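**Student:** Structure incoming, see below.
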Amino acid sequence: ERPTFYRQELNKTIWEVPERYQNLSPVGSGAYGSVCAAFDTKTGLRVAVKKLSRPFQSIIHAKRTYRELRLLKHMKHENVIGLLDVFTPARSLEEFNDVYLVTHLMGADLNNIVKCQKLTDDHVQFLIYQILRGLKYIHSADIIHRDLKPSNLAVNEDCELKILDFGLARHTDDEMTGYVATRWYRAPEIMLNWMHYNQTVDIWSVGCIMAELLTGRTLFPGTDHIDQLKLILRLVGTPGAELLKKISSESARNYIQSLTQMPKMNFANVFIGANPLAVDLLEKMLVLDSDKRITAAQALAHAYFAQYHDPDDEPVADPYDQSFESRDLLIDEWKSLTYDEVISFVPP
Ligand SMILES: COc1cc2ncnc(Nc3cccc(SC)c3)c2cc1OC
């Protein structure tokens, strides 16, 4: 049955939610859609409620909406934020114009963590293990988060981590410009468009993240795209002939060849005092050639995680059909597909 809804204005926006959600309080608004913290009286959970902005304006917006609902509906793993609820005040496709997504509410992201506690090696072990446990699950559904950063990792009091806020759009050039954390964790091949990327870009992100946890500092705080590439190549060394071939972009490849050849540095001396196993793992993750990076599944079996590794409790995901990504449709067609997904939802 259709629950009853109530209305209220939350910053030039009239929110219409089911009675079960009480005490809505904003936390941030963007080109995506404003988000409110709220208490779901039906479950006793602190929840984040996102009201998508003009979900079915452009063909682009209509697809993004569908994309995000399909993705959130699929994620069902302890280390990934799934969907708790999705709803709309509309009573038919005809009325359907607004979409609200509900998920667990993030108390503190990983940054929040790196600036308070003094992460011990064990903490690093447990935090990175969880990210890799969730990535394995994600990459197995052939889903690429492609935007892993401290701010996209929720961590509770018990240091339990969940991966959220997947890459569902395409950051504007401006977003990625300058001295910004929105680019420091990006693999080089994606940041400079060397070639068509794959799930391996996330492992590079995990690498940058893990280094920051151990040193408490950003690994590659480039002031811009170029500076960051230099910061990266100074550590992992310039690319050899084999990697150069794999770089499709002739411009990008030609640019790299203009740089003086540098050798990969000794990570033991960069991460002074870091657990030798941690050092070794960082070397297998921060490999310039994505084909040779360690995979999430391979990393979970690494000696550094011996303490937490358990082959029987690192589940893969159900097949995720995203054939729609390559499909061209109209706004109304994307809206109905979206609608059906809303009317077919089932809480956990
Ligand atoms: C305390 O701060 C915040 C807490 C949040 N808790 C969970 N998800 C968020 N964002 C988000 C990302 C992707 C999909 C959805 S749908 C529920 C919502 C949040 C945003 C915040 O700040 C802006």
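Here chain A follows Swiss-Prot, giving residues 4-351 in order.
Cβ atoms are placed via backbone N, Cα and C, with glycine included.
Pulled these features from Swiss-Prot for this protein:
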ACT_SITE  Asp168  active site, proton acceptor
BINDING   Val30, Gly31, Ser32, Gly33, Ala34, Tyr35, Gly36, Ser37, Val38, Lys53  ATP binding site
DOMAIN    24-308  domain 'Protein kinase'
MOD_RES   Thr16  phosphothreonine
MOD_RES   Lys53  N6-acetyllysine
MOD_RES   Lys152  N6-acetyllysine
MOD_RES   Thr180  phosphothreonine
MOD_RES   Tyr182  phosphotyrosine
MOD_RES   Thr263  phosphothreonine
MOD_RES   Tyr323  phosphotyrosine
**Student:** Determine the C-alpha span of the ATP site listed in the record, that is the greatest distance between any two of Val30, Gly31, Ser32, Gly33, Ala34, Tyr35, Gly36, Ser37, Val38, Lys53, in Å to the nearest whole number.
**Tutor:** 14
**Student:** Among the recorded positions listed here (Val30, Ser32, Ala34, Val38, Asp168), which has the Cα closest to the Cα of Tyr323 (phosphotyrosine)?
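**Tutor:** Comparing Cα positions, the closest of these recorded positions turns out to be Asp168.
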**Student:** Which ones, of the recorded positions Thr16, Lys53, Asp168, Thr180, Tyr182, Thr263, have a Cα no more than 10 Å from the Cα of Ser32 (ATP binding site)?
**Tutor:** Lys53
**Student:** Please identify, among the recorded positions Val30, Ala34, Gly36, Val38, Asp168, the one with the smallest Cα-Cα distance to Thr180 (phosphothreonine).
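**Tutor:** Given the candidates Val30, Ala34, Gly36, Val38, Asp168, the nearest one is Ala34.
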**Student:** Out of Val30, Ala34, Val38, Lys152, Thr180, which recorded positions have CB atoms lying under 6 Å from ligand 1?
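**Tutor:** Near ligand 1, sequence order: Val30, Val38.
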**Student:** What other residues of this chain sit with their CB within 8 A of the center of the CB atoms of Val30, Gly31, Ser32, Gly33, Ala34, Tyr35, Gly36, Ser37, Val38, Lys53, the recorded ATP site?
**Tutor:** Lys54, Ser56
**Student:** Near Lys53 (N6-acetyllysine), how many other Cβ atoms are within 10 Å of its Cβ?
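**Tutor:** By my count, 23.
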**Student:** What same-chain residues, at least 6 away in sequence, bring their CB to under 8 Å of the CB of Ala34 (ATP binding site)?
**Tutor:** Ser56
**Student:** Ten-angstrom check, please: count other Cβ atoms within 10 Å of the Cβ of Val38 (ATP binding site), all chains counted.
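**Tutor:** The answer is 19.
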**Student:** For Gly36 (ATP binding site), write down the residues of its own chain that are at least 6 apart in sequence and whose Cβ falls under 8 Å from its Cβ; none is a fine answer.
**Tutor:** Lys53, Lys54, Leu55, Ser56, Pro58
**Student:** Using a 10 Å radius around its CB, how many other CB atoms surround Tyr323 (phosphotyrosine)?
**Tutor:** 14
**Student:** Please give me the recorded positions out of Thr16, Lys152, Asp168, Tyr182, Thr263 that lie within 10 Å of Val30 (ATP binding site), comparing Cα atoms only.
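**Tutor:** Taking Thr16, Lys152, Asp168, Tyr182, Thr263 one by one, none has a Cα falling within 10 Å of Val30 (ATP binding site).
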**Student:** Count, for each of the recorded positions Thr16, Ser32, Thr180, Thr263, the other C-beta atoms lying within 10 angstroms of its own C-beta, and report the residue with the smallest count.
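**Tutor:** Each of the recorded positions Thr16, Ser32, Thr180, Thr263 was scored by Cβ atoms within 10 Å; lowest is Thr263.
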**Student:** So how many other Cβ atoms are close to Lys152 (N6-acetyllysine), meaning within 10 Å of its Cβ?
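**Tutor:** Around the Cβ of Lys152 (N6-acetyllysine), 21 other Cβ atoms lie within 10 Å.
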**Student:** Would you mind checking how many other C-beta atoms are within 10 angstroms of the C-beta on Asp168 (active site, proton acceptor)?
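**Tutor:** Result for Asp168 (active site, proton acceptor): 18 neighbouring Cβ atoms inside 10 Å.
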